[PDB]
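Visitor: Residue numbers (full-length UniProt numbering): 18 to 410. Cβ atoms here follow ideal geometry from the backbone N, Cα and C, with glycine treated the same way.
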Ligand code: HEM
Ligand SMILES: COc1ccc(C(=O)O)cc1
Ligand SMILES: [Cl-]
């Protein structure tokens with residue numbers, strides 16, 4: 018019954034061309050058994066969406082990577098939000114939700130939009146740019162660290178620190194073991210910046226620490242919640258903006274549609290998150306025996322969810338392999354779904370929308386011109402280099 022697959026969804030060969038293996042994942046059955054990591058997988062939209070939306074049965078407090086925190090020591094002290102279940106999750110979730118609320122976004126949106134317009138104007142002076150280094154990375158680096166209230170020095174650690182955190186969800190392969198062996202200087206940098214004296218007034222970090230004054234969180238919790246924004250808040254949006262530029266470069270007809278109606282910017286960014294799914298996978302662990310995909314899975318079992326595959330599952334999406342900036346994207350799982358659904362999603366959408374808006378208004382063509390190089394990571398999907406030529410409007 019439950020079919021076996023030898024597919025290693027954490028291997029270099031899979032990252033370099035995942036779609037034929039994702040389709041085998043889906044077609045083999047609603048639940049698969051991965052022999053490479055002795056773990057159950059669900060790759061269809063129906064199972065992934067159901068598991069995200071039953072956190073009681075499929076918990077996050079035993080870890081959302083392969084490692085079971087009941088059985089093995091976590092590689093770092095657990096996140097208070099990502100690796101917690103309700104009710105322990107609920108208070109820190111409510112705190113970060115207020116820190117990153119629609120009201121907060123309104124207060125920072127003009128400066129984010131101005132930085133994205135200035136960036137696109139500067140890139141158009143050079144013409145030949147790397148859409149990763151000069152855009153997908155440079156743009157969030159120019160707005161997010163400042164929005165957090167970080168000091169200038171040490172910011173070069175932010176991307177490798179996120180790369181470590183996202184590799185650490187994976188199985189114990191070489192990407193994970195190498196990242197953990199090199200982790201100490203990145204972790205020392207982030208640990209210092211999570212402290213209250215180091216976070217400038219008015220930014221997200223100081224706003225988090227302001228909740229210690231009323232007692233909503235303790236002095237020990239506050240630096241761990243700042244740590245969640247420094248683990249997830251930059252490299253995700255780097256890879257989301259990168260996906261969107263890549264999609265627009267490969268689908269020239271969709272770029273023209275966006276130029277013809279720039280109000281499509283926010284949806285063209287949502288559709289890039291669905292299409293590429295920058296965060297490809299998370300796990301859950303069962304807290305009871307449960308029927309999943311017609312099979313009775315025992316209590317205590319890891320289940321790997323393939324969010325990228327759910328987002329491309331033809332049982333749910335029409336022409337899922339096409340980038341379509343007017344697709345109805347509501348329901349995609351690129352930001353997760355339910356109680357843990359991305360608490361930073363308004364920040365990611367803000368950055369995505371204002372950058373795509375600047376591109377829609379200022380650029381007439383995006384042509385790939387030189388070797389595209391993939392970056393490999395156990396959880397994040399994206400490119401290391403995307404050289405392009407931008408033609409001004
Ligand atoms: C395109 C960009 C992004 C993508 C694709 C993404 C993806 C995800 C996904 C799939 C989850 C669900 C985790 C789960 O169910 O276990 C999540 C949660 C989370 N995200 Fe995002 N994210 C992005 C941007 C951001 C940003 C900008 C921030 C912060 C400023 C952020 C902070 C977090 C945090 C702290 C959680 C844990 C929420 C919880 O457990 O309740 N993310 N995100
Ligand atoms: C979506 O990826 C992450 C990674 C880490 C954290 C965290 O450290 O809380 C949250 C979400
Ligand atoms: Cl850490």
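Considering only residues of the same chain and omitting the five flanking positions on each side of residue 177, which have a CB-CB separation below 7 Å?
Guide: The residue you call residue 177 lines up with position 160 of the chain shown. The residues are 203.
Visitor: Using only the alpha-carbon positions, how far apart do residue 291 and residue 373 sit?
Guide: The sequence position of residue 291 within the chain shown is 274, counting from 1. The sequence position of residue 373 within the chain shown is 356, counting from 1. Whole-angstrom Cα-Cα distance: 16 Å.
Visitor: I believe residue 223 touches residue 171 by the beta-carbon criterion, under 8 Å. Please report the beta-carbon distance rounded to the nearest angstrom.
Guide: For the purposes of this step, residue 223 is taken as the residue at position 206 of the chain shown. For the purposes of this step, residue 171 is taken as the residue at position 154 of the chain shown. Wrong, their Cβ atoms sit about 18 Å apart, outside the cutoff.
Visitor: Identify, in the order they occur along the chain, each residue of the same chain with its Cβ nearer than 7 Å to the Cβ of residue 355, setting aside the five sequence neighbours on each side.
Guide: Position 338 of the chain shown holds residue 355. 69, 70 and 72, listed in sequence order.
Visitor: So if DSSP puts residue 58 in a beta bridge, which residue, or which two residues, is it bridged to?
Guide: Stepping through the chain shown from its first residue, residue 58 is reached at position 41. Answer is 49 and 321.
Visitor: For residue 284 versus residue 344, is the C-beta spacing smaller than 9 Å?
Guide: Against the chain shown, residue 284 aligns to sequence position 267. Against the chain shown, residue 344 aligns to sequence position 327. Yes, the pair counts as a contact, with Cβ atoms nearer than the cut-off.
Visitor: Let me check you understand the geometry: is the CB of residue 362 closer than 8 Å to at least one non-hydrogen atom of ligand 3?
Guide: Stepping through the chain shown from its first residue, residue 362 is reached at position 345. For ligand 3, not one heavy atom lies less than 8 Å from the Cβ of residue 362.
Visitor: Closest by CA to residue 258, which one among 212, 147 and 186?
Guide: Counted from its first residue, the chain shown places residue 258 at position 241. Nearest option by C-alpha distance: 147.
Visitor: Would you check if the stretch 321 to 335 and the stretch 90 to 97 touch, i.e. whether three or more CB-CB distances between them fall below 8 Å?
Guide: The stretch 90 to 97 is not in contact with the stretch 321 to 335.
Visitor: By the DSSP assignment, the beta strand (DSSP E) with residue 374 in it spans what residues?
Guide: As a working mapping, residue 374 is identified with position 357 in the chain shown. Element bounds for residue 374: not the beta strand (DSSP E) but the alpha helix (DSSP H), 362 to 379.
Visitor: To the nearest angstrom, how far is it from the Cα of residue 160 to the Cα of residue 122?
Guide: On the chain shown, residue 160 is found 143 positions in, with the first residue counted as 1. On the chain shown, residue 122 is found 105 positions in, with the first residue counted as 1. If you take the alpha carbons of residue 160 and residue 122, they lie about 13 Å apart.
Visitor: Quick one: any contact between the stretch 19 to 37 and the stretch 45 to 64, if contact means 3 or more CB pairs under 8 Å?
Guide: With the cut-off at 8 Å, the stretch 19 to 37 and the stretch 45 to 64 touch.
Visitor: Can you give me the start and stop residues for the beta strand (DSSP E) that residue 33 sits inside?
Guide: To locate residue 33, count along the chain shown from 1; it is residue 16. No beta strand (DSSP E) contains residue 33, which is instead part of the alpha helix (DSSP H) from 29 to 33.
Visitor: Should residue 77 be labelled buried (16 or more other beta-carbon atoms within 10 Å of its own) or exposed?
Guide: Counted from its first residue, the chain shown places residue 77 at position 60. Residue 77 comes out buried.
Visitor: Any heavy atom of ligand 3 inside 8 Å of the beta-carbon of residue 212?
Guide: Here residue 212 refers to the residue found at position 195 when the chain shown is read from its first residue. Outside the cutoff, so no.
Visitor: If you follow the alpha helix (DSSP H) that residue 225 is part of, which residue opens it and which one closes it?
Guide: Within the chain shown, numbered from 1, the residue matching residue 225 stands at position 208. Residues 221 to 231.
Visitor: Please state the DSSP three-state secondary structure of residue 73.
Guide: If you number the chain shown from 1, residue 73 lands on position 56. Of the three classes helix, strand and coil, the one that applies to residue 73 here is coil, per DSSP.
Visitor: Would you report the Cα separation of residue 120 and residue 139, rounded to the nearest angstrom?
Guide: For the purposes of this step, residue 120 is identified with residue 103 of the chain shown, where counting begins at 1. For the purposes of this step, residue 139 is identified with residue 122 of the chain shown, where counting begins at 1. Their Cα atoms are separated by approximately 30 Å.
Visitor: Can you give me the Cβ contacts of residue 133 inside the same chain, cut-off strictly under 6 Å, excluding the 5 residues immediately before and after it?
Guide: As a first step, residue 133 is located in the chain shown; it is residue number 116 there, counting from the start. Result list for residue 133: 371, 372 and 375, in chain order.
Visitor: Just list the alpha helix (DSSP H) runs in the stretch 71 to 137, keeping only unbroken ones of 4 residues or longer that don't cross its boundaries, in chain order.
Guide: As far as the stretch 71 to 137 is concerned, its whole alpha helix (DSSP H) runs of at least 4 residues are 107 to 116.
Visitor: Quick check: the stretch 273 to 282 against the stretch 176 to 196, are there 3 or more CB pairs under 8 Å?
Guide: Verdict: no, contact absent.
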